[PDB]
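Below is one structure, written out as structure tokens; comments come after it.
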Amino acid sequence: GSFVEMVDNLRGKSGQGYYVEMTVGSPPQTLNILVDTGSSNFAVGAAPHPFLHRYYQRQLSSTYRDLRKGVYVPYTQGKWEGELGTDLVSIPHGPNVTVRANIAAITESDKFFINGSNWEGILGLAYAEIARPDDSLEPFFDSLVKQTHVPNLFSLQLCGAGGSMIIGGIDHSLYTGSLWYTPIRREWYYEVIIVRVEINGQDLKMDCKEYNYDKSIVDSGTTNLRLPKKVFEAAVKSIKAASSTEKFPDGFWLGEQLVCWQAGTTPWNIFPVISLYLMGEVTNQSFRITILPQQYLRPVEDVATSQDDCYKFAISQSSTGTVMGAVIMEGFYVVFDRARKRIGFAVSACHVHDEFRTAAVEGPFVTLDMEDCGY
Ligand SMILES: CC#Cc1cncc(-c2cccc([C@@]3(c4cc(C)c(=O)n(CC)c4)N=C(N)c4c(F)cccc43)c2)c1
């Protein structure tokens, strides 16, 4: 179960999710599971559904234990409902271990499962504070650390059109340059602090608390870079100005319409780079991660539109704070250092670049005239 054996253990894409193979029950039942740093339940399809190729069959598992407790989870975009239980879980291309973990067996759901996503469940990697029905339900990663010798750290190398999830350590072959750390503000979501935002080197000039209204998180279970209204509007106005040689419909900027160019002609150069400055481990020091248009213009693979390269604008408005989703994580090696309450970023081996620009992790930056950016 070495790190080299864990490399390339993920499949999928930013739009439908990145997933890892796992087994549940005895004899083991293989399932594809979405790697989700934005939730804390290990929730798996346990009943037939039109979008599921397979599902967890508890009756076939001699090791299943029923907790006699239901779980009901409505959220803005949909819902899932299920039964809580425990069973044996393993990650075949992960650590060489088997643990007993809580499993929420999904019996009913609405707009939860995605057609052609190729996953049957979700591995919620965030903390117990946000687990459903409450924080008494121990998340999977917590059970793994308690029951094995596994160091309290995992890292994600998401690669654009799979990637790697290394549990227990840092795989140096997955990144170049320096690894810059941002503190985990609170252990609920992987909450962080953005101190500055620039669009093509031009500062958005907002009070830094605006960037974190009401929180900022690192979420591998969200596709887009999601920004609070005020920040979102300034970003769009700034991107529109930088790209003014071409005019796109309002629907493109709203993320409801594709923009298409003849195959291979995408004018990358007309789109600016976005720099997100994250709080450093030292007072008023920060580092920046730079996002190229290859990251924020998400390609939409469709045989029917294939004479063209078509894209969705992968930056959208949020009313629940900033979400640094998969389009942000792609091309970075992201270390979820739970042991040291910090998140590391470095340029990935699968990073984005063209012949003019490259995604980067750079620092340090100093800001003497700073307030706390935390909301
Ligand atoms: C990259 C990527 C991705 C991706 C693409 N399509 C669907 C999903 C998805 C499907 C179902 C549920 C969730 C989702 C999620 C997962 C679980 C287990 C859960 O209990 N909830 C509700 C609290 C939400 N995980 C999130 N991080 C998230 C989010 F920020 C906003 C809405 C929904 C979610 C996410 C993820």
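Note that we place each Cβ from the backbone using ideal geometry, even for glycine, and neighbour counts take in every protein chain shown. Basis: the model, the stated rules and, where named, an outside source; no laboratory read-out is quoted.
Screening region 328-375 for residues that are in contact with a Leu (Cβ under 6 Å, 6 or more places away or on another chain) and hydrophobic (A, V, I, L, M, F, W, C) and picking the one that is surrounded by the most Cβ atoms within 10 Å (Cβ to Cβ) gives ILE328.
Collect the residues in region 77-105 that are near the ligand (Cβ under 9 Å from one of its atoms) and touching a strand residue (DSSP E or B) at 6+ places or on another chain (Cβ under 8 Å), keeping them in residue-number order.
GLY78, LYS79, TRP80, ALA104
Set side by side, the residues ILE166, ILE199, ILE217, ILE170 differ, and just one is surrounded by 21 or more Cβ atoms within 10 Å (Cβ to Cβ), in the same structural domain as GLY321 (by CATH) and away from the ligand (no atom under 16 Å from the Cβ), which is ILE166. Selection of region 64-90 for residues being out of contact with any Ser or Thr (no Cβ under 8 Å at 6 or more places or on another chain) and within 21 Å of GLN29 (Cα to Cα) yields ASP66, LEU84, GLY85, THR86. Of all residues in region 107-135, count the ones that are within 12 Å of the ligand (Cβ to nearest atom) and either over 20 Å from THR222 (Cβ atoms) or among the small types (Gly, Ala, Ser) (or both). Number satisfying all stated conditions: 8.
Listed here are the residues, each with its yes/no results for (1) under 20 Å from the mean Cα position of the chain (by Cα); (2) farther than 30 Å from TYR311 by Cβ; (3) polar (S, T, N, Q); (4) more than 16 Å from the ligand (Cβ to nearest atom).
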residue	(1), (2), (3), (4)
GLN16	yes, no, yes, no
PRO27	no, yes, no, yes
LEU34	yes, no, no, no
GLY70	no, yes, no, no
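One residue stands out in region 144-163 among those that are hydrophobic (A, V, I, L, M, F, W, C) and touching a strand residue (DSSP E or B) at 6+ places or on another chain (Cβ under 6 Å): the one that is surrounded by the most Cβ atoms within 10 Å (Cβ to Cβ), namely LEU158.
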